[PDB]
Each structure stands twice: as structure tokens, then as C-alpha cells.
């Protein structure tokens, strides 16, 4: 059993999806999948989509938004998706909590925290210094559909 995911953190968290091409697991949210019903019949990771494109013509589905990005741009997108999903299940966050939860370095977590402020997902002081409260309804009803809609 192996996790191999372009967020760069090769550890199970949340809903995991199996690539039909390499038999490694990715975080569903990294691949733009939040609801279990949006898990494809045959998931294809970003590596297999480029090594074996026939997988995509014979029933497989990749996340076309990250497939051809650079390593660094893809990692930043996937990690931000993970932090959005974390916020869906929490009342407040901080860089340190983000770092622990996602398995990443503090400085990277702080960048994700800062982007949450810009996307207006967090606002208002939490109980502890450095924490901000999640705008729960705004996240669920408005922000999340910007990133995770399948229509």
C-alpha cells in the first residue's frame, strides 16, 4: 500500500483514490474531488495521465486542471485544496494547526493560511493568538463551489 500524491505529502488523509495506472493512492481533494459521488469510476493520476494517455480514452478520468502544471504550481494548488477541506470540518485554524494536519512545513502552512484570508474563508480572531475563525456558511455555500464543482 502506497500513497503518492502531487501535494507532496505521501500519507493517507481523508478520502483516498486509487490510480488505475500505477496502483498508488492520492488524496481525492488534491484531484478536485470533495464529494464521494464525484470519485470517478476509473481515476488516473497526473503522472499516468501523461505517461499513458490511452487510460483517458478508455474510461479513465484525471484532474485536467493540474495535469500539466509545474511541480511547484501543482503542489500549491493541491495543498490549498487540502486546506479548504480541512476548514470544512473545523471552526478555526492557524498556521501551526494547518502544518500538523496536512503534514507540511510551517512556512508553507502560513502561505496557505494567508490565501484562506484572501479567499475570505477565515475572518475574525479565534480564541488563541494566531488563530482565525472559519466562515462556515460562506465556505460551504460559496467558496467551496468555486473550487470543487462538477456540473
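Residue numbers count along the first chain shown, from 1.
Stretches compared: 78-86, 96-104. Higher mean C-alpha B-factor in the entry: 96-104. On average the C-alpha atoms of 138-146 have higher B-factors than those of the other stretch, with 21-29 and 138-146 being the two compared. The PDB entry gives the largest Cα B-factor of the residues 115, 50, 57, 43 to 57.
Among 122, 109, 69, 125, the highest C-alpha B-factor recorded in the PDB entry belongs to 125. The entry lists a Cα temperature factor for residue 35 that places it in the highest third of the chain's modelled residues.
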